[PDB]
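S.K.: Take a look at the following structure, please.
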Ligand SMILES: N#Cc1ccc2cc3c(=O)[nH]c(=O)nc-3n(-c3cccc(-c4nnn[nH]4)c3)c2c1
């Protein structure tokens, strides 16, 4: 029938004006009203707002302390079958892989999210994190989350497998959503340098329809909802 999802690193560690940014993030989720949501970098206070505002979603957290990922499932349409938190081994940043087995319209496709290593120097540790993601996908599939991948690190990690495709590259490599982390346009960072990267990615095992950016409008306090852009992929 139809399907949608939203990946967004809400940047929950950035405590400044977070009460207003979280009211903007919710306002984006309310108008679009997706079926599945993949959030990264969520602090316990941030999880408290989404629990009270978005009352029609069954949230599954990846941890409890620090920051963690989160999956929100449209309770009216998506049914919970299973849920599991597979942690990364040699992770030095309190990071894990969050998978949830659901059933939408009678179809068996699981949902995954993660927040791979943020460190740029810890590239091999991130690439080893990438390999365990693709190895778990083939073992169950729609992955989505802050990957922090760049500079052909997917190539040097052995490349993507045949059964796993990237929704961006699969849609003819569209240009409007080429970069989810844009230090040029997004000025929540004050970075005088200009770099653009595609961090938030979406891997597929249903056919993806569209892909678009979220949170491009500055709020009333002059700051964006997040340093990352929100991703939105429709399907059928
Ligand atoms: N401020 C700033 C600032 C300006 C410019 C760049 C440019 C790049 C680039 O062309 N490729 C790349 O892969 N990463 C870049 N980072 C980056 C982004 C996140 C993290 C770390 C990082 N973490 N640890 N060391 N470096 C670097 C930048 C950061």
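Along the chain as shown, the residues are counted starting at 1.
Using N, Cα and C of the backbone, Cβ positions are placed for all residues, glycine too.
Features from Swiss-Prot:
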REGION    9-13  region 'Interaction with 5' end of substrate DNA'
BINDING   11, 41  Mg(2+) binding site
SITE      67  site 'Interaction with 5' end of substrate DNA'
REGION    115-120  region 'Interaction with 5' end of substrate DNA'
ACT_SITE  146  active site, proton donor/acceptor
SITE      181  site 'Interaction with 5' end of substrate DNA'
SITE      199  site 'Interaction with 5' end of substrate DNA'
SITE      228  site 'Interaction with 5' end of substrate DNA'
S.K.: Quick one: which of these recorded positions, 146, 199, 228, have their CA within 10 A of residue 11 (Mg(2+) binding site)?
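M.R.: Near residue 11 (Mg(2+) binding site), where near means Cα within 10 Å, the recorded positions are 228.
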S.K.: Over a break of 7 residues, report the distance between the Cα atoms of residue 205 and residue 206 in whole Å.
M.R.: 9
S.K.: Around residue 181 (site 'Interaction with 5' end of substrate DNA'), which of the listed recorded positions (41, 67, 199, 228) come within 10 Å, judging by Cα atoms?
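M.R.: So far as Cα distances go, the recorded positions lying within 10 Å of residue 181 (site 'Interaction with 5' end of substrate DNA') are 199, 228.
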S.K.: By CA distance, which of the recorded positions (67, 146, 228) lies nearest to residue 199 (site 'Interaction with 5' end of substrate DNA')?
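M.R.: Closest recorded candidate to residue 199 (site 'Interaction with 5' end of substrate DNA') by Cα: 146.
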S.K.: Per DSSP, how many helix, strand and coil residues does the region 'Interaction with 5' end of substrate DNA' (9-13) have?
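M.R.: Output for the region 'Interaction with 5' end of substrate DNA' (9-13) reads 0 helix, 1 strand, 4 coil.
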S.K.: Which of the recorded positions listed here (41, 146, 228) have a Cα atom within 10 Å of the Cα of residue 67 (site 'Interaction with 5' end of substrate DNA')?
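M.R.: Within 10 Å of residue 67 (site 'Interaction with 5' end of substrate DNA'): 41.
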S.K.: Rounded to a whole angstrom, give the Cα distance between residue 140 and residue 141, which sit at either end of 5 unmodelled residues.
M.R.: 7
S.K.: Which residues of the chain, 6 or more past the ends of the region 'Interaction with 5' end of substrate DNA' (9-13), have a CB below 8 A from one of its CBs?
M.R.: 21-22, 25, 39-43, 46, 67, 115, 145-146, 188, 199-200, 225-228
S.K.: At 10 angstroms around each C-beta, which of the recorded sites 67, 181, 199 has the fewest other C-beta atoms nearby?
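M.R.: Counting other Cβ atoms within 10 Å of each of the recorded sites 67, 181, 199, the minimum falls on 181.
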S.K.: Give the helix, strand or coil assignment DSSP yields for the residue listed as 'active site, proton donor/acceptor'.
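M.R.: DSSP call for the residue listed as 'active site, proton donor/acceptor': strand.
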S.K.: Residue 228 (site 'Interaction with 5' end of substrate DNA') to residue 41 (Mg(2+) binding site): how many Å between their Cα atoms?
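M.R.: Pair distance, Cα basis, whole Å: 11 Å.
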